[PDB]
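Coming up, as structure tokens: structure 1 and structure 2, two forms of one and the same protein chain.
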Structure 1
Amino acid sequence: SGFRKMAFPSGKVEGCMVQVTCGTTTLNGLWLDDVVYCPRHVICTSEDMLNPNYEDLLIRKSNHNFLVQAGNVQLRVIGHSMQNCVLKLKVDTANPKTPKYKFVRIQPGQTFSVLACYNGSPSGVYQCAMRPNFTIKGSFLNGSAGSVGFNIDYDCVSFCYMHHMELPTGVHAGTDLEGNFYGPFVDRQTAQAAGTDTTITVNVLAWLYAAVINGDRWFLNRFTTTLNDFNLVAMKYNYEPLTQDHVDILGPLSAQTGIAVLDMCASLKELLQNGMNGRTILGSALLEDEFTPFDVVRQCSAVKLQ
């Protein structure tokens, strides 16, 4: 029992992290087969970051201006190219530790594990969600760029995030592994702001189910609301609107608990309007929105009476 924000074991991704130097800048890269992926702003100097012309910066480079290290093993760079906001370095050696992998672009509300790295070395792992404003509420310092987010299904690693920068409100932005940014952000050291961040309603509901399964049930109401009725309250408290597809996703959690989904919505409604009266839910004083319904299912398996 118990219920924790849990990250995937990071060993497979650790086997892919390398150090990428260009000029005087070191950050992290991802070594898959014979390609190293990393943020293109590794070619900037500290003078270049207000409005870099990345094409112009890159034609000034050659393979000799990149140093890639996989641990103490040197990787000879034999090609480079720029795809959107990621640099792809071709190297003379395919990574023998390459897992089965995919590149996927996740939707807001979906979670993933982050392996934070500095100078090519894994430093920590933790669980994150793509927020509705396309930021990540992470923990990153200077030198973390090129850290990646991922999920593991079976033995296949789905890479979904590569980290580029920190917005001044203390949240983080980055790209998929094809280099397309999540959200309206660009890789420059300019003034940009996260949009208003809303709460992921479906995930809050899944977390409440997790609380019920683990015995925390003080907040339930035998009351049924409607989708339209709930959504009026949702917009008042800056919650993502709830769709019928959200209700479908929560069907299995609903069967295991014997609490219908619109009952749980009425329970969540009452928490929004009245607060939690000084009690906690799963050790938390806030409504938690970074567990997906699948994340809850993996961690709270139960017998079904038939």
Structure 2
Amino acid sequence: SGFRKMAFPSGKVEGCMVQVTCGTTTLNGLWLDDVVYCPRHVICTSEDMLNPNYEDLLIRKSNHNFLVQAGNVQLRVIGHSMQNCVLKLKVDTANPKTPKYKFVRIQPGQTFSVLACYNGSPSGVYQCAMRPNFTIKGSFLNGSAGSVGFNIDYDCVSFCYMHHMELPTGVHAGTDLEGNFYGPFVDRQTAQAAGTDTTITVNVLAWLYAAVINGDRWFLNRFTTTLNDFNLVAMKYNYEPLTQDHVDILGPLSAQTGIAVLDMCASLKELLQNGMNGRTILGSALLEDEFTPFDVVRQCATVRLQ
């Protein structure tokens, strides 16, 4: 059947993307109902990014200072609002292509689809994960601010991310659709420490469960370990600690196979201590931490009634 990291079909999100222009700075905005959400720094000037006083800058701006465009049609702005680090532009027209949407804040280790846009036009879509240090290993160039991260559940598009900035390490940071930054970051061009980026342990365990189902099982031991002992070893090897919520997520895969979560944890604990030493798991010498138990269950090959 094959395993592939998949983004959700972006057609619903592409219908809410508009161009927001302020001065000579143009970047993307999210048009839902009669509100357009965009990053704050559209109002910023070149010299005023080290420590912008956004509230003072916003007052000097007016409604006609913002140009919102959706294709050949231009949208008229009736008001501007600052919700944390996100600018809310009320327009005179509701988006007819507005889908059933809800705003969600995701936890580290979860995945979502990113629609990278430039000048208001969608350019590409990719799947990524929220790193434990609240960064994302995305692919963004200058002008990609305003791109949104999302997940589609049935018919409801659950928006969870908006891109703002790129850190010096090369990773990217942003806010939820309510303007609150993921992690201890601010939208200022000043030195900011992201913190150590640990490996998503729950996704690695799901990867190991996928390997066991597909036949890769050289790395298994009959031993079981306590959660405390595994968490101690995991942090010594820069693995994110395993919580009760992570174990609950791993429940379906552990039941589909015969391996208890702490049984698999003992296998991974000895894996970390000894290394892979020439052996490969699922065809790679490295482990995957951005493939979720959701992804494994939906894409795994099943038995065949003959």
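We call the rigid core the largest set of C-alpha positions that still match within 1.5 Å between the two forms. Residue 1 is the first residue of structure 1, and the numbers go on in sequence order from there.
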* Asked: Which residue, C44, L271, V68, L32, is displaced 2 Å or more at the Cα between the two structures after superposing the core?
  -> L271
* Asked: Hey, does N238 budge by 2 Å or more at the Cα between the two structures once the core is superposed?
  -> no
* Asked: After fitting the rigid core, is the C-alpha of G215 off by 2 Å or more between the two structures?
  -> yes
* Please check if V261 moves between the two structures, taking a CA shift of 2 Å or more relative to the superposed core as movement. => yes
* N228 CA shift between the two structures in angstrom, with the core used for superposition -> 2.8
* **Rigid-core-fitted C-alpha displacement of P252 between the two structures (angstrom)** => 1.4
* **Inter-form CA displacement between the two structures at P96 - rigid core frame, Å** => 0.3
